[PDB]
C-alpha cells in the first residue's frame, strides 16, 4: 500500500462531474473543481485544468494526471507550512501518508486547525491523538473515512485499508 492506493480507496474514481460529500463539483479522484453552485462554472474550471473542451467528461489518464498533481501539491504544501512540516518530519512513513490524506481532503488550513491533535502526534501519543482527532466535524461528517485515517495514525500500519 502507498499514498496513491490509499487515496484511490478513500476518494473513488469518477470520470464525469459529480458532487462530493459537501455538495461541491468534483471530478476524477477527488479533484475539487469549485465551491460555486454553477455547473457552468465547474465545466469551465474543468476545461482550464485539462486544457481542452471536455464537456464535463474526462478519460482515465486525465484523471490520473490530476491525481498525480494533487498529491504532489499536498506534499509540497505540508513541507512549506511552518505548522505542518515539524509534524510530518517527526512521523514514520505510514503515518506520513495519513497526514497527506487529511491535507488532500481538507486543505492545509483545515488541517492546521487540528493543532491539539498535531501536538499529540508530534509527541507520539497515538491513543490520545486518535481520541482528539475524533472530536471534530470531520469525523462526524465522514466517519468511515475518518476512522481509517485515525486507525492508521493509532497503529502505524495499513490494517484499515486491507480487505477493502
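Positions refer to the first chain, counted from 1.
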Higher mean Cα B-factor in the deposited model: 48-56 or 23-31?
-> 48-56
89-97 versus 75-83 - greater average Cα B-factor per the deposited record = 75-83
Highest-ranked of 109, 105, 132, 69 once sorted by CA temperature factor in the record = 109
What third of its chain, lowest, middle or highest, does the C-alpha temperature factor of residue 137 fall into?
-> lowest
Sorting the chain's modelled residues by C-alpha B-factor and splitting them into thirds places residue 146 in the lowest
Consider only the C-alpha atoms of the modelled residues in this chain, order them by B-factor as the entry records it, and name the third containing residue 2: lowest, middle or highest.
-> lowest
